[PDB]
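A.B. asks: Input file: entry-v3.txt. Contents: compact mmCIF, N, CA and C atoms.
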```
# COMPACT_ATOMS: atom_id res chain seq x y z
N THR P 19 10.40 -17.40 53.95
CA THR P 19 9.89 -18.69 53.47
C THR P 19 10.71 -19.31 52.33
N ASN P 20 11.13 -20.52 52.67
CA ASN P 20 11.78 -21.39 51.71
C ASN P 20 11.14 -21.57 50.35
N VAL P 21 9.83 -21.34 50.42
CA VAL P 21 8.96 -21.48 49.28
C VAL P 21 9.43 -20.74 48.03
N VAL P 22 9.92 -19.52 48.26
CA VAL P 22 10.62 -18.72 47.27
C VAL P 22 11.85 -19.24 46.55
N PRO P 23 12.88 -19.67 47.28
CA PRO P 23 14.01 -20.29 46.63
C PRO P 23 13.60 -21.38 45.65
N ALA P 24 12.87 -22.33 46.22
CA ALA P 24 12.28 -23.38 45.42
C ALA P 24 11.53 -22.99 44.14
N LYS P 25 10.76 -21.94 44.38
CA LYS P 25 10.03 -21.22 43.36
C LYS P 25 10.81 -20.82 42.12
N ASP P 26 11.92 -20.17 42.51
CA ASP P 26 12.85 -19.58 41.57
C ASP P 26 13.43 -20.44 40.45
N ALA P 27 13.71 -21.72 40.73
CA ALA P 27 14.25 -22.61 39.74
C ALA P 27 13.45 -22.91 38.47
N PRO P 28 12.13 -22.93 38.64
CA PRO P 28 11.19 -22.84 37.54
C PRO P 28 11.23 -21.58 36.69
N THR P 29 11.11 -20.46 37.40
CA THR P 29 11.15 -19.12 36.83
C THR P 29 12.32 -18.97 35.87
N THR P 30 13.49 -19.39 36.34
CA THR P 30 14.75 -19.21 35.63
C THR P 30 14.74 -19.67 34.18
N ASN P 31 14.08 -20.80 33.95
CA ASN P 31 13.81 -21.46 32.69
C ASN P 31 12.39 -21.90 32.41
N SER P 32 11.91 -20.81 31.83
CA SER P 32 10.67 -20.84 31.07
C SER P 32 10.48 -21.48 29.71
N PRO P 33 11.64 -21.69 29.06
CA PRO P 33 11.70 -22.66 27.98
C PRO P 33 12.40 -23.96 28.39
N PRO P 34 11.77 -24.90 29.09
CA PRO P 34 12.18 -26.28 29.22
C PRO P 34 12.35 -27.03 27.90
N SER P 35 13.62 -26.99 27.50
CA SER P 35 14.05 -27.79 26.37
C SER P 35 15.21 -28.66 26.84
N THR P 36 14.95 -29.97 26.81
CA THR P 36 15.81 -31.09 27.14
C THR P 36 16.68 -31.62 26.01
N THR P 37 15.99 -32.10 24.97
CA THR P 37 16.55 -32.75 23.81
C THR P 37 16.19 -32.09 22.49
N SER P 38 16.47 -32.70 21.33
CA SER P 38 15.87 -32.32 20.07
C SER P 38 15.13 -33.40 19.29
N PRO P 39 13.85 -33.54 19.62
CA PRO P 39 12.83 -34.26 18.89
C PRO P 39 11.75 -33.32 18.38
N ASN P 40 11.02 -33.90 17.44
CA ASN P 40 9.72 -33.36 17.06
C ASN P 40 8.82 -32.95 18.22
N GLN P 41 7.97 -31.98 17.90
CA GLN P 41 6.99 -31.39 18.79
C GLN P 41 6.16 -32.31 19.67
N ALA P 42 5.77 -33.44 19.08
CA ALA P 42 5.04 -34.42 19.86
C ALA P 42 5.80 -35.22 20.91
N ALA P 43 7.03 -35.56 20.50
CA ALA P 43 7.99 -36.18 21.39
C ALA P 43 8.51 -35.34 22.55
N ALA P 44 8.78 -34.07 22.26
CA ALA P 44 9.11 -33.11 23.29
C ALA P 44 8.05 -32.96 24.37
N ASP P 45 6.81 -33.05 23.88
CA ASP P 45 5.64 -33.19 24.72
C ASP P 45 5.56 -34.40 25.63
N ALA P 46 6.04 -35.54 25.10
CA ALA P 46 6.11 -36.71 25.94
C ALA P 46 7.20 -36.72 27.00
N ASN P 47 8.37 -36.25 26.55
CA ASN P 47 9.52 -35.99 27.40
C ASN P 47 9.24 -35.06 28.57
N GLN P 48 8.67 -33.89 28.30
CA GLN P 48 8.33 -33.01 29.41
C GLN P 48 7.29 -33.61 30.34
N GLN P 49 6.29 -34.30 29.80
CA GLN P 49 5.38 -35.10 30.60
C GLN P 49 5.89 -36.10 31.62
N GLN P 50 6.88 -36.86 31.15
CA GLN P 50 7.58 -37.82 31.96
C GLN P 50 8.48 -37.14 32.98
N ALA P 51 8.90 -35.91 32.66
CA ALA P 51 9.77 -35.13 33.52
C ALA P 51 8.99 -34.53 34.69
N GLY P 52 7.90 -33.89 34.29
CA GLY P 52 6.92 -33.20 35.10
C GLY P 52 6.29 -34.18 36.08
N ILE P 53 5.45 -35.10 35.58
CA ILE P 53 4.56 -36.07 36.19
C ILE P 53 4.57 -37.45 35.54
N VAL P 54 3.49 -38.21 35.75
CA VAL P 54 3.31 -39.52 35.19
C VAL P 54 2.02 -39.68 34.38
N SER P 55 2.17 -39.49 33.07
CA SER P 55 1.05 -39.38 32.16
C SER P 55 0.69 -40.72 31.53
N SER P 56 0.50 -41.65 32.46
CA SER P 56 0.39 -43.07 32.16
C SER P 56 -1.07 -43.48 32.18
N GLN P 57 -1.61 -43.71 30.98
CA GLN P 57 -2.99 -44.06 30.78
C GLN P 57 -4.00 -43.05 31.31
N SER P 58 -3.66 -41.78 31.06
CA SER P 58 -4.51 -40.64 31.31
C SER P 58 -5.81 -40.60 30.50
N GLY P 59 -6.90 -40.36 31.23
CA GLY P 59 -8.17 -40.03 30.63
C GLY P 59 -8.23 -39.22 29.34
N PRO P 60 -7.78 -37.98 29.52
CA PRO P 60 -7.71 -37.07 28.40
C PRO P 60 -6.69 -37.41 27.31
N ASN P 61 -7.23 -37.24 26.11
CA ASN P 61 -6.64 -37.31 24.80
C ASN P 61 -5.70 -36.20 24.33
N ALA P 62 -4.63 -36.02 25.12
CA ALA P 62 -3.58 -35.06 24.85
C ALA P 62 -2.87 -34.75 23.55
N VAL P 63 -3.37 -35.40 22.49
CA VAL P 63 -2.72 -35.64 21.22
C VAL P 63 -2.14 -34.49 20.41
N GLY P 64 -2.87 -33.39 20.58
CA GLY P 64 -2.41 -32.15 20.00
C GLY P 64 -1.38 -31.28 20.71
N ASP P 65 -1.11 -31.64 21.97
CA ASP P 65 -0.26 -30.80 22.78
C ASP P 65 1.24 -30.76 22.48
N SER P 66 1.92 -29.61 22.55
CA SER P 66 3.30 -29.47 22.11
C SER P 66 4.14 -28.76 23.18
N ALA P 67 5.43 -29.08 23.13
CA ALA P 67 6.36 -28.59 24.13
C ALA P 67 7.59 -27.95 23.50
N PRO P 68 7.99 -26.75 23.95
CA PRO P 68 9.13 -26.10 23.35
C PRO P 68 10.39 -26.95 23.34
N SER P 69 11.01 -26.94 22.16
CA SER P 69 12.15 -27.77 21.80
C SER P 69 13.16 -27.05 20.92
N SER P 70 14.43 -27.45 21.03
CA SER P 70 15.50 -27.02 20.15
C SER P 70 15.40 -27.43 18.68
N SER P 71 14.41 -28.26 18.36
CA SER P 71 14.22 -28.71 17.00
C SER P 71 13.82 -27.49 16.18
N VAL P 72 13.00 -26.58 16.71
CA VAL P 72 12.56 -25.40 15.99
C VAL P 72 12.96 -24.05 16.56
N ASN P 73 13.05 -23.06 15.67
CA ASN P 73 13.02 -21.62 15.88
C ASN P 73 11.71 -20.88 15.83
N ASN P 74 11.83 -19.55 15.87
CA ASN P 74 10.69 -18.65 15.83
C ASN P 74 9.91 -18.56 14.53
N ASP P 75 10.56 -19.14 13.51
CA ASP P 75 10.06 -19.30 12.17
C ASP P 75 9.58 -20.66 11.68
N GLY P 76 9.54 -21.67 12.55
CA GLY P 76 9.20 -23.03 12.17
C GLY P 76 10.29 -23.72 11.35
N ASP P 77 11.54 -23.36 11.64
CA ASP P 77 12.60 -23.97 10.89
C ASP P 77 13.42 -24.91 11.77
N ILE P 78 13.81 -26.05 11.20
CA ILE P 78 14.63 -27.04 11.86
C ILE P 78 16.10 -26.74 12.07
N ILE P 79 16.35 -26.52 13.36
CA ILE P 79 17.67 -26.22 13.85
C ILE P 79 18.49 -27.49 14.00
N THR P 80 19.22 -27.66 12.89
CA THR P 80 20.36 -28.54 12.74
C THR P 80 21.57 -28.24 13.61
N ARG P 81 21.87 -26.95 13.51
CA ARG P 81 22.81 -26.26 14.38
C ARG P 81 22.38 -24.83 14.63
N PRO P 82 22.41 -24.30 15.85
CA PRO P 82 21.86 -23.00 16.20
C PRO P 82 21.85 -21.91 15.13
N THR P 83 20.65 -21.57 14.66
CA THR P 83 20.42 -20.75 13.47
C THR P 83 21.27 -19.51 13.25
N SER P 84 21.72 -19.00 14.41
CA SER P 84 22.67 -17.92 14.47
C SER P 84 24.04 -18.28 13.90
N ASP P 85 24.54 -19.42 14.38
CA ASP P 85 25.79 -19.98 13.91
C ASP P 85 25.86 -20.41 12.46
N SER P 86 24.66 -20.78 11.99
CA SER P 86 24.44 -21.05 10.59
C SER P 86 24.48 -19.82 9.70
N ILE P 87 23.79 -18.81 10.24
CA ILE P 87 23.81 -17.56 9.52
C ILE P 87 25.16 -16.87 9.36
N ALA P 88 25.95 -16.90 10.45
CA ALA P 88 27.28 -16.36 10.46
C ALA P 88 28.27 -17.17 9.61
N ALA P 89 28.23 -18.50 9.69
CA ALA P 89 28.97 -19.28 8.74
C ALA P 89 28.60 -19.26 7.26
N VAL P 90 27.29 -19.16 7.03
CA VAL P 90 26.76 -18.82 5.72
C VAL P 90 27.23 -17.53 5.08
N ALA P 91 27.21 -16.41 5.82
CA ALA P 91 27.83 -15.19 5.35
C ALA P 91 29.25 -15.30 4.82
N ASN P 92 30.07 -16.13 5.45
CA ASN P 92 31.41 -16.39 4.93
C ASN P 92 31.53 -16.95 3.52
N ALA P 93 30.45 -17.53 2.99
CA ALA P 93 30.24 -17.95 1.62
C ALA P 93 30.64 -16.91 0.59
N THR P 94 30.27 -15.68 0.88
CA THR P 94 30.32 -14.48 0.06
C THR P 94 31.65 -13.75 0.01
N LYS P 95 32.74 -14.52 0.06
CA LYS P 95 34.06 -13.98 -0.04
C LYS P 95 34.93 -14.38 -1.23
N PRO P 96 35.24 -13.44 -2.12
CA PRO P 96 36.10 -13.68 -3.26
C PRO P 96 37.57 -13.67 -2.83
N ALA P 97 38.46 -13.68 -3.83
CA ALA P 97 39.87 -13.58 -3.51
C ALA P 97 40.42 -12.22 -3.11
N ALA P 98 40.72 -12.10 -1.81
CA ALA P 98 41.05 -10.80 -1.27
C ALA P 98 41.64 -9.73 -2.18
N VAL P 99 42.97 -9.80 -2.27
CA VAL P 99 43.67 -8.86 -3.12
C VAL P 99 44.64 -9.50 -4.10
N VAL P 100 44.04 -9.95 -5.21
CA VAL P 100 44.77 -10.50 -6.32
C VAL P 100 44.75 -9.50 -7.47
N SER P 101 45.92 -8.88 -7.57
CA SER P 101 46.18 -7.97 -8.67
C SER P 101 47.13 -8.55 -9.71
N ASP P 102 46.74 -8.55 -10.99
CA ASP P 102 47.40 -9.35 -12.00
C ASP P 102 48.18 -8.59 -13.06
N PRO P 103 47.61 -7.61 -13.77
CA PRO P 103 48.41 -6.71 -14.57
C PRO P 103 49.44 -5.93 -13.77
N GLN P 104 50.56 -5.63 -14.43
CA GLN P 104 51.68 -4.83 -13.97
C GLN P 104 51.26 -3.37 -13.79
N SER P 105 51.49 -2.82 -12.60
CA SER P 105 51.32 -1.43 -12.26
C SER P 105 52.63 -0.65 -12.20
N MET P 106 52.47 0.67 -12.22
CA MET P 106 53.53 1.65 -12.13
C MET P 106 53.10 2.65 -11.06
N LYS P 107 53.46 2.36 -9.81
CA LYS P 107 53.16 3.12 -8.61
C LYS P 107 54.42 3.28 -7.78
N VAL P 108 55.06 4.39 -8.16
CA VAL P 108 56.31 4.76 -7.53
C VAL P 108 56.19 5.43 -6.16
N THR P 109 57.33 5.84 -5.59
CA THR P 109 57.42 6.37 -4.25
C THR P 109 58.66 7.24 -4.07
N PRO P 110 58.61 8.31 -3.27
CA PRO P 110 59.74 9.03 -2.70
C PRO P 110 60.57 8.04 -1.89
N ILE P 111 61.87 8.31 -1.78
CA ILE P 111 62.85 7.46 -1.14
C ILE P 111 62.65 7.03 0.31
N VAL P 112 62.50 5.72 0.47
CA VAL P 112 62.38 5.15 1.80
C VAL P 112 63.64 4.50 2.35
N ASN P 113 64.31 5.23 3.25
CA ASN P 113 65.48 4.89 4.03
C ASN P 113 66.08 6.12 4.71
N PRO P 114 66.59 7.15 4.02
CA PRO P 114 67.11 8.31 4.69
C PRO P 114 65.99 9.13 5.32
N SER P 115 66.09 9.21 6.66
CA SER P 115 65.24 10.03 7.48
C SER P 115 63.80 10.42 7.16
N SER P 116 62.98 9.37 7.16
CA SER P 116 61.64 9.32 6.63
C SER P 116 60.49 9.80 7.51
N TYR P 117 60.82 10.70 8.44
CA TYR P 117 59.85 11.52 9.11
C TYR P 117 59.72 12.79 8.29
N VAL P 118 60.77 13.49 7.84
CA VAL P 118 60.66 14.57 6.89
C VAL P 118 61.23 14.39 5.49
N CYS P 119 62.11 13.39 5.58
CA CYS P 119 63.02 12.93 4.54
C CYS P 119 64.04 14.02 4.25
N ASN P 120 65.06 13.90 5.11
CA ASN P 120 66.00 14.97 5.38
C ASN P 120 65.46 16.35 5.72
N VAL P 121 66.11 17.08 6.61
CA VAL P 121 65.87 18.47 6.98
C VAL P 121 67.00 19.35 6.46
N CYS P 122 67.83 19.74 7.43
CA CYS P 122 69.01 20.57 7.36
C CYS P 122 70.26 20.19 6.59
N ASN P 123 69.99 19.61 5.42
CA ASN P 123 70.98 19.28 4.42
C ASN P 123 71.92 18.12 4.73
N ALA P 124 72.50 18.25 5.93
CA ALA P 124 73.41 17.25 6.45
C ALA P 124 72.80 15.85 6.39
N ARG P 125 73.74 14.97 6.01
CA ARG P 125 73.46 13.55 5.95
C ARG P 125 72.81 12.87 7.14
N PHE P 126 71.76 12.10 6.87
CA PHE P 126 71.03 11.40 7.91
C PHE P 126 71.03 9.89 7.71
N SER P 127 70.78 9.18 8.81
CA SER P 127 70.61 7.75 8.80
C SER P 127 69.22 7.23 9.20
N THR P 128 69.15 6.43 10.26
CA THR P 128 67.91 6.04 10.91
C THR P 128 66.87 7.13 11.09
N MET P 129 65.61 6.74 11.23
CA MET P 129 64.54 7.68 11.49
C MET P 129 64.63 8.42 12.82
N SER P 130 65.03 7.67 13.85
CA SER P 130 65.52 8.17 15.11
C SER P 130 66.60 9.24 14.94
N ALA P 131 67.57 8.84 14.13
CA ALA P 131 68.62 9.82 13.91
C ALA P 131 68.34 11.25 13.46
N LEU P 132 67.31 11.29 12.63
CA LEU P 132 66.70 12.58 12.36
C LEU P 132 66.25 13.51 13.48
N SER P 133 65.41 12.95 14.36
CA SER P 133 65.06 13.54 15.64
C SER P 133 66.14 13.96 16.62
N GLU P 134 67.11 13.04 16.58
CA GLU P 134 68.34 13.24 17.31
C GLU P 134 69.33 14.26 16.77
N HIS P 135 69.52 14.34 15.45
CA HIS P 135 70.16 15.43 14.75
C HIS P 135 69.46 16.78 14.79
N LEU P 136 68.15 16.73 14.52
CA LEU P 136 67.24 17.85 14.65
C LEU P 136 67.34 18.71 15.90
N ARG P 137 67.58 17.94 16.96
CA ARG P 137 67.88 18.59 18.22
C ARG P 137 68.94 19.68 18.27
N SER P 138 70.06 19.43 17.60
CA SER P 138 71.03 20.49 17.42
C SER P 138 70.81 21.78 16.64
N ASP P 139 69.72 21.64 15.88
CA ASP P 139 69.14 22.73 15.13
C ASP P 139 67.94 23.41 15.80
N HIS P 140 67.77 23.09 17.09
CA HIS P 140 66.70 23.42 17.99
C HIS P 140 65.38 22.82 17.55
N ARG P 141 64.25 23.42 17.94
CA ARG P 141 62.92 22.87 17.78
C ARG P 141 62.56 21.55 18.44
N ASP P 142 63.22 20.53 17.86
CA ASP P 142 63.16 19.19 18.42
C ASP P 142 63.86 18.96 19.75
N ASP P 143 63.02 19.20 20.76
CA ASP P 143 63.41 19.08 22.16
C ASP P 143 64.62 19.89 22.60
N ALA P 144 64.79 21.09 22.06
CA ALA P 144 65.98 21.90 22.22
C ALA P 144 66.05 23.35 21.74
N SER P 145 64.90 24.01 21.90
CA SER P 145 64.73 25.43 21.66
C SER P 145 64.99 26.11 22.98
N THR P 146 66.27 26.45 23.16
CA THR P 146 66.85 27.11 24.32
C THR P 146 66.35 26.82 25.72
N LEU P 147 66.48 25.53 26.05
CA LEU P 147 65.88 24.95 27.22
C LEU P 147 66.50 25.43 28.53
N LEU P 148 65.99 26.60 28.92
CA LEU P 148 66.51 27.39 30.01
C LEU P 148 68.00 27.69 30.13
N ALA P 149 68.80 26.62 30.09
CA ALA P 149 70.25 26.60 30.18
C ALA P 149 70.99 25.98 29.01
N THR P 150 72.32 26.20 29.05
CA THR P 150 73.29 25.86 28.04
C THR P 150 74.67 25.77 28.69
N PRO P 151 75.60 25.03 28.07
CA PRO P 151 77.02 25.23 28.31
C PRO P 151 77.65 26.60 28.15
N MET P 152 76.85 27.61 27.82
CA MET P 152 77.29 28.97 27.56
C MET P 152 78.14 29.17 26.31
N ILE P 153 79.41 28.86 26.58
CA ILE P 153 80.46 28.87 25.58
C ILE P 153 80.65 27.50 24.96
N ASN P 154 79.75 27.30 24.00
CA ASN P 154 79.68 26.03 23.30
C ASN P 154 80.75 25.76 22.25
N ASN P 155 81.19 24.53 21.99
CA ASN P 155 82.26 24.26 21.07
C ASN P 155 81.96 24.45 19.58
N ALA P 156 82.96 24.22 18.73
CA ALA P 156 82.98 24.33 17.29
C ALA P 156 82.85 25.74 16.71
N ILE P 157 82.00 26.55 17.36
CA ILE P 157 81.79 27.89 16.86
C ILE P 157 81.19 28.23 15.50
N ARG P 158 81.92 27.78 14.48
CA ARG P 158 81.68 27.87 13.06
C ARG P 158 81.37 26.50 12.46
N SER P 159 80.33 26.35 11.64
CA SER P 159 80.08 25.11 10.94
C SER P 159 79.68 25.35 9.49
N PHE P 160 80.62 24.97 8.63
CA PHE P 160 80.61 25.04 7.19
C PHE P 160 79.85 23.83 6.68
N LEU P 161 78.59 24.06 6.30
CA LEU P 161 77.74 22.99 5.80
C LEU P 161 77.42 23.02 4.32
N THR P 162 77.25 21.84 3.72
CA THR P 162 76.82 21.67 2.35
C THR P 162 76.77 20.17 2.08
N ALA P 163 76.10 19.88 0.95
CA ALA P 163 75.86 18.53 0.51
C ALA P 163 77.13 17.70 0.32
N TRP P 164 78.15 18.36 -0.23
CA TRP P 164 79.46 17.80 -0.43
C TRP P 164 80.44 17.70 0.73
N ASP P 165 80.20 18.50 1.77
CA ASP P 165 80.96 18.53 3.00
C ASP P 165 80.19 19.11 4.18
N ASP P 166 79.84 18.25 5.14
CA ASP P 166 79.37 18.73 6.43
C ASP P 166 80.30 18.76 7.63
N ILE P 167 80.78 19.98 7.87
CA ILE P 167 81.98 20.23 8.66
C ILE P 167 82.02 21.37 9.67
N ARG P 168 82.69 21.02 10.77
CA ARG P 168 82.90 21.99 11.84
C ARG P 168 84.33 22.28 12.28
```
Starting from the file, give its structure as C-alpha cells.
C.D. replies:
Amino acid sequence: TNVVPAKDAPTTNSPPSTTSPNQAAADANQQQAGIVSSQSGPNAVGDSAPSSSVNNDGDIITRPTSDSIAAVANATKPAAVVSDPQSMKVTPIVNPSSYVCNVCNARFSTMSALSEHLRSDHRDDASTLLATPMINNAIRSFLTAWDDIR
C-alpha cells in the first residue's frame, strides 16, 4: 500500500519549522500550511508551533546556539607564545650527524650519512649479511680525529 510512502514524509519531520517568527506567528504559518483556519469557531489564541526562534531553554536563536557557543569559546584566547625577557637555553651541536651525533670518530656530514657510514662498522644494515666479497680491500685502517685513513 502506497499509504505508507505517503505516510513517511510526515514522520521524517516532526519538528515542522519553516521560518523564524514568534510562537504565535509560527502557529499561523503552520495553520496556513496544514489547512485553512479562516474564521474558525474556536478561539485558538494560546496555541504554539515549534520554531527556530527558540531553543530548549527559551532562548532566542539569532544564530544556531551551537555555533554561538563555539564562537564564544574563542573569546578566551590570550597571546599564544609571547616570551619577552632574554633566556639562556643552550643545545648540543646541530649539524654533524644528529641521530647519535657522531659515532666511530670519523668525520660525518648529513644525517643520512651517518647511517650510511655506520654500515661499514656493521650493525646498521650490515652485521655479516650472509655473504661478503671475502677478500675485502684496504685491510688496515688507521683512524683518529686528526686523520681518518686507509
A.B. asks: Using DSSP on the backbone coordinates, identify all residues within chain P classified as helix (DSSP H, G or I); present the result as a PyMOL selection string.
C.D. replies: chain P and resi 21-30+41-52+83-94+129-139
A.B. asks: Given the point (64.5, 15.5, -1.7) in the file's coordinates, find the residues that have an atom at most 12 Å from it, counting only C-alpha atoms, and give them as a PyMOL selection string.
C.D. replies: chain P and resi 109-112+114-116+118-123+125+163
A.B. asks: Measure the distance from atom N of residue P:51 to atom N of residue P:84 in Å and round it to one decimal.
C.D. replies: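 Taking atom N of residue P:51 as the start and atom N of residue P:84 as the end point, the length is 28.0 Å.
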A.B. asks: Expressed in Å to a single decimal, how great is the separation between atom C of residue P:71 and atom N of residue P:58?
C.D. replies: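 Atom N of residue P:58 lies 27.0 Å from atom C of residue P:71.
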A.B. asks: Would you kindly return, as a ChimeraX atom specification, each protein, DNA or RNA residue with an atom no farther than 6.5 Å from any atom of residue P:68, considering only N, CA and C atoms and excluding same-chain residues fewer than 3 positions away?
C.D. replies: /P:33-36,44-45
A.B. asks: Could you tell me how far atom CA of residue P:49 lies from atom C of residue P:67, in Å and to one decimal?
C.D. replies: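 One can read the atom CA of residue P:49 to atom C of residue P:67 distance as 10.3 Å.
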A.B. asks: Run DSSP on the backbone and give me the residues of chain P it puts in strand (DSSP E or B), as a ChimeraX atom specification.
C.D. replies: /P:72,78,160,167
A.B. asks: For stretch 128-145 of chain P, take all atoms listed in the file, fit an axis-aligned box around them, add 8 Å to each of the six sides, then output centre and edge lengths in Å rounded to one decimal, as AutoDock Vina command-line options.
C.D. replies:
```
--center_x 66.8 --center_y 16.1 --center_z 16.6 --size_x 24.5 --size_y 36.1 --size_z 28.7
```
A.B. asks: From the list P:76, P:42, P:137, P:82, which residue is nearest residue P:64 when using only N, CA and C atoms?
C.D. replies: P:42
A.B. asks: Please rebuild stretch 57-68 of chain P with N, CA, C and O atoms and return the result as a PDB file, keeping the file's coordinate frame.
C.D. replies:
```pdb
ATOM      1  N   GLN P  57      -1.610 -43.710  30.980  1.00  0.00           N
ATOM      2  CA  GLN P  57      -2.990 -44.060  30.780  1.00  0.00           C
ATOM      3  C   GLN P  57      -4.000 -43.050  31.310  1.00  0.00           C
ATOM      4  O   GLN P  57      -5.045 -43.375  31.864  1.00  0.00           O
ATOM      5  N   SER P  58      -3.660 -41.780  31.060  1.00  0.00           N
ATOM      6  CA  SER P  58      -4.510 -40.640  31.310  1.00  0.00           C
ATOM      7  C   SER P  58      -5.810 -40.600  30.500  1.00  0.00           C
ATOM      8  O   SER P  58      -5.774 -40.369  29.298  1.00  0.00           O
ATOM      9  N   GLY P  59      -6.900 -40.360  31.230  1.00  0.00           N
ATOM     10  CA  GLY P  59      -8.170 -40.030  30.630  1.00  0.00           C
ATOM     11  C   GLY P  59      -8.230 -39.220  29.340  1.00  0.00           C
ATOM     12  O   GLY P  59      -8.785 -39.617  28.324  1.00  0.00           O
ATOM     13  N   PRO P  60      -7.780 -37.980  29.520  1.00  0.00           N
ATOM     14  CA  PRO P  60      -7.710 -37.070  28.400  1.00  0.00           C
ATOM     15  C   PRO P  60      -6.690 -37.410  27.310  1.00  0.00           C
ATOM     16  O   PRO P  60      -5.477 -37.470  27.500  1.00  0.00           O
ATOM     17  N   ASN P  61      -7.230 -37.240  26.110  1.00  0.00           N
ATOM     18  CA  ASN P  61      -6.640 -37.310  24.800  1.00  0.00           C
ATOM     19  C   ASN P  61      -5.700 -36.200  24.330  1.00  0.00           C
ATOM     20  O   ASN P  61      -6.074 -35.383  23.500  1.00  0.00           O
ATOM     21  N   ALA P  62      -4.630 -36.020  25.120  1.00  0.00           N
ATOM     22  CA  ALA P  62      -3.580 -35.060  24.850  1.00  0.00           C
ATOM     23  C   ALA P  62      -2.870 -34.750  23.550  1.00  0.00           C
ATOM     24  O   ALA P  62      -1.990 -33.909  23.401  1.00  0.00           O
ATOM     25  N   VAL P  63      -3.370 -35.400  22.490  1.00  0.00           N
ATOM     26  CA  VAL P  63      -2.720 -35.640  21.220  1.00  0.00           C
ATOM     27  C   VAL P  63      -2.140 -34.490  20.410  1.00  0.00           C
ATOM     28  O   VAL P  63      -1.065 -34.554  19.803  1.00  0.00           O
ATOM     29  N   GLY P  64      -2.870 -33.390  20.580  1.00  0.00           N
ATOM     30  CA  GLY P  64      -2.410 -32.150  20.000  1.00  0.00           C
ATOM     31  C   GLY P  64      -1.380 -31.280  20.710  1.00  0.00           C
ATOM     32  O   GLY P  64      -1.044 -30.204  20.224  1.00  0.00           O
ATOM     33  N   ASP P  65      -1.110 -31.640  21.970  1.00  0.00           N
ATOM     34  CA  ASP P  65      -0.260 -30.800  22.780  1.00  0.00           C
ATOM     35  C   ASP P  65       1.240 -30.760  22.480  1.00  0.00           C
ATOM     36  O   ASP P  65       1.737 -31.773  22.001  1.00  0.00           O
ATOM     37  N   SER P  66       1.920 -29.610  22.550  1.00  0.00           N
ATOM     38  CA  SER P  66       3.300 -29.470  22.110  1.00  0.00           C
ATOM     39  C   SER P  66       4.140 -28.760  23.180  1.00  0.00           C
ATOM     40  O   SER P  66       3.678 -27.793  23.775  1.00  0.00           O
ATOM     41  N   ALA P  67       5.430 -29.080  23.130  1.00  0.00           N
ATOM     42  CA  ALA P  67       6.360 -28.590  24.130  1.00  0.00           C
ATOM     43  C   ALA P  67       7.590 -27.950  23.500  1.00  0.00           C
ATOM     44  O   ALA P  67       7.863 -28.349  22.374  1.00  0.00           O
ATOM     45  N   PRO P  68       7.990 -26.750  23.950  1.00  0.00           N
ATOM     46  CA  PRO P  68       9.130 -26.100  23.350  1.00  0.00           C
ATOM     47  C   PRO P  68      10.390 -26.950  23.340  1.00  0.00           C
ATOM     48  O   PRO P  68      10.594 -27.641  24.334  1.00  0.00           O
TER      49      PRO P  68
END
```
